[PDB]
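These notes concern the structure reproduced below.
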Amino acid sequence: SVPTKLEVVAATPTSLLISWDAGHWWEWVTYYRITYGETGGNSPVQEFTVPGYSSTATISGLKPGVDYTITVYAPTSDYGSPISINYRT
Amino acid sequence: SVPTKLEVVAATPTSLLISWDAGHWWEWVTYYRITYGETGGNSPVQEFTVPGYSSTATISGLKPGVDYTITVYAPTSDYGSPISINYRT
Amino acid sequence: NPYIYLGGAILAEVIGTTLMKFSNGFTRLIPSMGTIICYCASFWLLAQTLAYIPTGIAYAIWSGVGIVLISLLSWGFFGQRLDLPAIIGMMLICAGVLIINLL
Amino acid sequence: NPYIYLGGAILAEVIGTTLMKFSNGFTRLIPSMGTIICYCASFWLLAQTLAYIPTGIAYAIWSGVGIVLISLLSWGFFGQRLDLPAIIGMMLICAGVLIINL
Ligand SMILES: c1ccc([P+](c2ccccc2)(c2ccccc2)c2ccccc2)cc1
């Protein structure tokens, strides 16, 4: 279910601006955690959390040209599967 | 009774690094506030706060050759009278 | 008058406690906020009412009206009655309280 | 298991309110930081022990073991034991806890 529609709004070569349909009224969660790492798995994944009232997040400091995998989770898996996406900067 | 021993460690013509004996582990207050202003009173004094676990502070943005009245206040007056000192940059 | 802020602080905790059962372990926004909001309002009314009312009359009234108004909500938003031997076990917990406070 | 974290939150609160009576207007940093840690720990210990034991059941045992562990702590270290013919009232709270227990 939540979240929905994880899209990259702005995309500087070193920063991705991601938003998501946070849900509604009752399905609003307290915090989202967002994971971004290299798409080849050569490294582990970086990770931050964001207050659950906000539905956007700024992922800064990447490497240009490289494709990335952006994941957005919920506090628990009881809200649904994580909506993971990709983007080449 | 607290805090105690307000003095100026380092003193540039425009800055006054001040410290104070916090006390002991079981007698730390949540915060202090530092009041520094011109010793005469041509304008209001300057004011800020410092977390209570720290015991030193640095006052910047002063005018050289001028003497100042630095006063440190506890969170409340229960902890005793505020300690005030004077220093000429 | 201070007995009216009492129930206002009792009922506020009564609500926030039931909103806490709804917050999924503080992982659902709005039920997590409401619990934080309620326990603030139930704290502030407690200060205005125990500012000068005895802290044994206020506790016992809270410990009883609260032991009822949240169990009737737990049963209103679910049920369970006496899952384990006795509901009276909570009625006599409420009794042993009212004698180390008032006696 | 559920009656383990219920009492663990009672201990956190009992120390939470006491460390608050020691500190002034939340002003003494060390005992005040204890209260916030004691409260925030107990706040999350109750939310978890609430999904297993009904709300009204835990609320009872909560208020029960509280004043138990409060007057037991009031007399053990501070003194008081006022209304000494109330240790029967401590045996009463125990019995009610027992006949709702496992
Ligand atoms: C952390 C701190 C305080 C409470 P409680 C409480 C009472 C009844 C049921 C659950 C929790 C409390 C207060 C005083 C003594 C014992 C317990 C609490 C918190 C806010 C307002 C009212 C009561 C809980 C967790």
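Chains as they are written, first to last, in my numbering: chain A, 681 to 769; chain B, 681 to 769; chain C, 412 to 514; chain D, 13 to 114.
We put the beta carbon where it would ideally sit given N, CA and C, even for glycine.
So what does DSSP say about residue i, is it helix, strand or coil?
i: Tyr-733 of chain A; result: coil
i: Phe-90 of chain D; result: helix
i: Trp-455 of chain C; result: helix
i: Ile-111 of chain D; result: coil
i: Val-746 of chain B; result: coil
i: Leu-440 of chain C; result: coil
i: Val-682 of chain A; result: coil
i: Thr-692 of chain B; result: coil
i: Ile-481 of chain C; result: coil
i: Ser-740 of chain B; result: coil
i: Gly-703 of chain B; result: coil
i: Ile-100 of chain D; result: helix
i: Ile-714 of chain A; result: strand
i: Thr-751 of chain B; result: strand
i: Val-725 of chain A; result: coil
i: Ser-434 of chain C; result: coil
i: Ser-761 of chain A; result: coil
i: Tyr-64 of chain D; result: coil
May I ask you to check if the CB of residue i is nearer than 7 Å to at least one heavy atom of ligand 3?
i: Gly-28 of chain D; result: With respect to small molecules bound, the structure shown includes ligand 1 and not ligand 3.
Is there at least one Cβ from chain D nearer than 8 Å to residue i's Cβ?
i: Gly-703 of chain B; result: no
i: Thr-756 of chain B; result: yes
i: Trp-700 of chain B; result: no
i: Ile-511 of chain C; result: yes
i: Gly-419 of chain C; result: no
i: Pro-496 of chain C; result: yes
i: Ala-506 of chain C; result: yes
i: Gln-459 of chain C; result: no
i: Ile-464 of chain C; result: no
i: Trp-455 of chain C; result: no
i: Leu-422 of chain C; result: no
Using a Cβ-Cβ distance cut-off of 8 Å, determine whether residue i contacts chain C.
i: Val-746 of chain A; result: no
i: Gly-732 of chain A; result: yes
i: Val-709 of chain A; result: yes
i: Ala-72 of chain D; result: yes
i: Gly-101 of chain D; result: yes
i: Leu-104 of chain D; result: yes
i: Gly-88 of chain D; result: no
i: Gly-68 of chain D; result: yes
i: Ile-79 of chain D; result: yes
Report the residue from the options whose alpha carbon sits nearest the alpha carbon of residue i.
i: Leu-58 of chain D; options: C:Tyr-416, C:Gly-427 and C:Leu-483; result: C:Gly-427
i: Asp-758 of chain B; options: D:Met-32, D:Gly-19 and D:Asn-36; result: D:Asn-36
i: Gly-721 of chain A; options: A:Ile-750, A:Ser-735 and A:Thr-738; result: A:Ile-750
i: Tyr-748 of chain A; options: A:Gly-760, A:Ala-702 and A:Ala-691; result: A:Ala-691
i: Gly-703 of chain B; options: B:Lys-685, B:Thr-756 and B:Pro-693; result: B:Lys-685
i: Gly-108 of chain D; options: C:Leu-513, C:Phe-489, C:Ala-497 and C:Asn-412; result: C:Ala-497
i: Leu-509 of chain C; options: D:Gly-101, D:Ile-48 and D:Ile-111; result: D:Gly-101
i: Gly-418 of chain C; options: C:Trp-473, C:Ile-504 and C:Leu-514; result: C:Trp-473
i: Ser-735 of chain A; options: A:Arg-713, A:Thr-694, A:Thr-756 and A:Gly-717; result: A:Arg-713
i: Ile-739 of chain B; options: B:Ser-761, B:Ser-681 and B:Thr-694; result: B:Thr-694
i: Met-502 of chain C; options: D:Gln-92, D:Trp-87, D:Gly-76 and D:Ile-16; result: D:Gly-76
i: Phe-89 of chain D; options: D:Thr-30, D:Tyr-15, D:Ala-21 and D:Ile-22; result: D:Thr-30
i: residue 770 of chain B; options: D:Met-45, D:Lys-33, D:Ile-16 and D:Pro-14; result: The structure shown does not extend to residue 770 of chain B, since chain B is modelled only from 681 through 769, so no value can be given for it.
i: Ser-764 of chain A; options: A:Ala-737, A:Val-689 and A:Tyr-716; result: A:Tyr-716
i: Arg-492 of chain C; options: D:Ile-65, D:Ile-49 and D:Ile-22; result: D:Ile-65
i: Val-689 of chain B; options: B:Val-752, B:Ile-698 and B:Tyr-753; result: B:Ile-698
i: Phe-433 of chain C; options: D:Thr-61, D:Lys-33, D:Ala-21 and D:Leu-114; result: D:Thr-61
i: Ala-420 of chain C; options: C:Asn-412, C:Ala-462 and C:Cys-449; result: C:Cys-449
Establish whether the CB of residue i and some CB of chain A are separated by less than 8 Å.
i: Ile-448 of chain C; result: no
i: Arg-492 of chain C; result: no
i: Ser-482 of chain C; result: no
Residue i CB to nearest chain B CB: under 8 Å?
i: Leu-41 of chain D; result: yes
i: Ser-44 of chain D; result: yes
Open item on the list: Across the segment 734-754 of chain A and the segment 439-455 of chain C, are there enough close Cβ pairs to call them in contact, namely three or more that are closer than 8 Å?
Closed with: Touching, no, given that fewer than three Cβ pairs across the two stretches are closer than 8 Å.
Task: Contacting positions in the segment 26-37 of chain D - beta carbon closer than 7 Å to chain B - done: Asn-36 and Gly-37
Open item on the list: Does the structure place the segment 702-711 of chain B close enough to the segment 725-732 of chain A that three or more beta carbon pairs sit under 8 Å?
Closed with: no
Open item on the list: So, does the segment 413-432 of chain C touch the segment 464-482 of chain C, judging by three or more C-beta pairs under 8 Å?
Closed with: yes
- [ ] Report yes or no: do three or more beta-carbon pairs, one from the segment 460-478 of chain C and one from the segment 39-49 of chain D, lie closer than 8 Å?
- [x] no
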